[PDB]
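A quick write-up on the structure given underneath.
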Amino acid sequence: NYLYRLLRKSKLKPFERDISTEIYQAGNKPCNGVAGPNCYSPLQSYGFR
Amino acid sequence: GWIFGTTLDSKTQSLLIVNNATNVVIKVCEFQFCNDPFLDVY
């Protein structure tokens, strides 16, 4: 349930939030909603044990 | 009234001030606006 964002286009200004979950792309080929090659979901899990 | 944000309708939370002769509704939520933002009267 506890998630973090590891990929973003730019640095974040103070006291702002980013709730939207979209497919992040770091290349020329668009993801188009498919988490395939060069496509990563930004919300990653901690996984505490 | 005034509208602030990055995009509209969804995908980004948007500031929203609506003024009238009675109150002021400032509200940072998603909401629904079309491509022609206007307030209907009747």
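Residues are referred to by chain and number: the chain letter is A, B, ... according to the order shown in the structure tokens, the number counts from 1 in that chain, and ligands are numbered separately from 1 in the order shown.
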Using only C-alpha atoms, find which residues of chain B lie within 9 Å of chain A and jot them down as a ChimeraX atom specification. /B:11-13
Mind writing the picked residues with N, CA, C and O atoms as a PDB file, in the first residue's frame?
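What ended up in again_27.pdb:
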ATOM      1  N   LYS B  11      -6.682  13.931 -14.987  1.00  0.00           N
ATOM      2  CA  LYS B  11      -5.242  13.724 -15.194  1.00  0.00           C
ATOM      3  C   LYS B  11      -4.372  14.656 -14.343  1.00  0.00           C
ATOM      4  O   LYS B  11      -3.160  14.439 -14.229  1.00  0.00           O
ATOM      5  N   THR B  12      -4.987  15.645 -13.686  1.00  0.00           N
ATOM      6  CA  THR B  12      -4.305  16.660 -12.888  1.00  0.00           C
ATOM      7  C   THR B  12      -5.343  17.406 -12.056  1.00  0.00           C
ATOM      8  O   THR B  12      -6.363  17.849 -12.596  1.00  0.00           O
ATOM      9  N   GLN B  13      -5.118  17.529 -10.748  1.00  0.00           N
ATOM     10  CA  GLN B  13      -6.009  18.321  -9.909  1.00  0.00           C
ATOM     11  C   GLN B  13      -5.888  19.802 -10.245  1.00  0.00           C
ATOM     12  O   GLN B  13      -4.787  20.323 -10.443  1.00  0.00           O
TER      13      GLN B  13
END
From chain A, collect each residue whose DSSP state is strand (DSSP E) and return the set as an mmCIF file with C-alpha atoms, in the first residue's frame.
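Writing done, so here's selection.cif:
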data_model
loop_
_atom_site.group_PDB
_atom_site.id
_atom_site.type_symbol
_atom_site.label_atom_id
_atom_site.label_comp_id
_atom_site.auth_asym_id
_atom_site.auth_seq_id
_atom_site.Cartn_x
_atom_site.Cartn_y
_atom_site.Cartn_z
ATOM 1 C CA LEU A 3 4.318 3.552 -2.701
ATOM 2 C CA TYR A 4 6.953 5.980 -3.976
ATOM 3 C CA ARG A 5 7.719 7.721 -7.272
ATOM 4 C CA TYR A 24 6.389 7.158 -17.822
ATOM 5 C CA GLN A 25 8.417 7.200 -21.042
ATOM 6 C CA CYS A 39 8.096 1.858 -20.261
ATOM 7 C CA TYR A 40 8.108 1.953 -16.463
ATOM 8 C CA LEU A 43 4.702 4.134 -8.536
ATOM 9 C CA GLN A 44 6.942 1.430 -7.055
ATOM 10 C CA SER A 45 6.392 -0.469 -3.818
#
My list of candidates is A:16, A:28, A:6, A:11. Which is closest to residue A:41 when distances are computed with only C-alpha atoms? A:6
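One distance worth recording is that between atom CA of residue B:29 and atom CA of residue A:12, which is 20.1 Å.
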For residue B:32, list every protein, DNA or RNA residue within 8 Å, evaluated using only C-alpha atoms, and leave out those in the same chain fewer than 5 positions away; present the list as a PyMOL selection string. chain B and resi 8-10
